[PDB]
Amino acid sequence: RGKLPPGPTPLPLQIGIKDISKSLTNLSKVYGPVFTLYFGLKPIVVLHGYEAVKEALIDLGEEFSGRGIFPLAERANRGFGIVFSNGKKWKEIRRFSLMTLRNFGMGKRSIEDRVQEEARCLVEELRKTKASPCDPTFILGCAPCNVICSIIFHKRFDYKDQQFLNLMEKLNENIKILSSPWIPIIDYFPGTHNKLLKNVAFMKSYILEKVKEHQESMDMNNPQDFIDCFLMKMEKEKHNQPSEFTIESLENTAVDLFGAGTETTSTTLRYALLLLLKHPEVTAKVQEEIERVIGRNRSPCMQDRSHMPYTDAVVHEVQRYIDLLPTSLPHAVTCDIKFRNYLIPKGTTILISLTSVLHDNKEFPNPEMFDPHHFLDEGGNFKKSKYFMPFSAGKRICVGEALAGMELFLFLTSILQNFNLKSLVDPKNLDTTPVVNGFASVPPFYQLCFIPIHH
């Protein structure tokens, strides 16, 4: 009925996501680009290398647009948003969320304005540290979180506001839980399931109390944020009930946008500053480019990027090198599909190696080294690549691709516009090797001085 590709015998100290990814690369040398892992009776089809990922995710987009069971299916039911939803529900909410994130039916304030406002608020907070040793984990975490708050409810927060400090606490708790290594099964069961369920319930309740406030000023001609645009769609999809657009779907989608829209961006920014300390020649050329194209006078904008090939290469190189999410999120085939010499049955888990694409030894000669020239042709021009898949590929490609692109470019140019980067430790012996983590390539702990600008 369904002939899955060949793989090893079933059943395969701490095993982090990078350890998982390295083992997957080892098995691909033995079995080829496409192989099955069997976990007793439960199969997982692994896709290694660009050709296999491209053939499945892009060439057979609809067939590979399903979402896998990733950890444990929480009864709080997170399958009503984007990240964990499937079928018609996913198709509609994803479409709706994409267009809202592309400034459609969200008022006249652009996404860029919000990111630029936060870029200014992020610079002011870094000035407060008065050029003394700082762990940027907190400050870099507040900026992407505040961008999402602004998009969902049209309200940003002060870095000392308790309402903000509570949201971030629940988020950071959920990240710590999610980031637990493995040992066949995940490490984290001495009551961590209930805390996850509790934290998600708190975030949902908080979004729900904001949803009421918006229902007071309900107006068809004045949407100003995500809650308004969704309520307006809910009102437009009544009498055509039932709809995928409900109060609980709005709630889950909002939690999804909060979770996904904070940590990935926050971790990338933290890892970008670490690589800039370790590579002082690279930082100098970036600061040189900002001078000649933007200066110290005005705030950066997305229009500057096309005029800054070297800085664009650094942004892309940070994301290619760090390989933030080595296996993306699990996929599933939506129906029975013929993939090369195999027949994969409906609902079969599909695991994609993003490491195998981002660290391709032919597309990126010496992929293990940090080098902006991986995104530069032989003449020094920006060289875009089909292998740039940090946001994954196909129908499930990160809905926050454009936003995270804006945040990285705008927040990093603004930091390098108003500050020099001073490392406490000599960059020659400064550690960059990522810490063992269950879902992401997270950077090791470091400290730095944010010194106001000088030539």
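Residue indices: 1-based, along the sequence shown.
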- line: Gap between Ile183 and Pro184, counted in deposited residues with no coordinates, falls in the class 4 to 9
task: With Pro444 and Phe445 adjacent in the shown sequence, let me know how many deposited residues between them lack coordinates: none, 1 to 3, 4 to 9, or 10 or more.
output: none
task: Using only the Cα atoms and their B-factors as the entry lists them, report which of 426-434 and 411-419 averages higher.
output: 426-434
- line: Averaging the C-alpha temperature factors as deposited, the higher value of 208-216 versus 254-262 falls on 208-216
- prompt: Out of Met234, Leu274, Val286, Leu171, which shows the largest CA B-factor listed in the entry?
  reply: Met234
- line: Looking only at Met106, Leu325, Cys149, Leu358, the Cα with the top B-factor belongs to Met106
field: Entry-reported Cα temperature factor of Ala76, expressed as the chain third it lands in
entry: highest
- prompt: By the record's CA B-factor, is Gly40 among the lowest, middle or highest third of residues in the chain?
  reply: highest
- prompt: So where's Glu368 on the chain's Cα temperature factor ranking, which third?
  reply: middle
statement: Chain thirds by Cα B factor, record data; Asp228 belongs to the middle
message: Please place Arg320 in the lowest, middle or highest third of its chain according to the CA B-factor in the PDB entry.
response: lowest
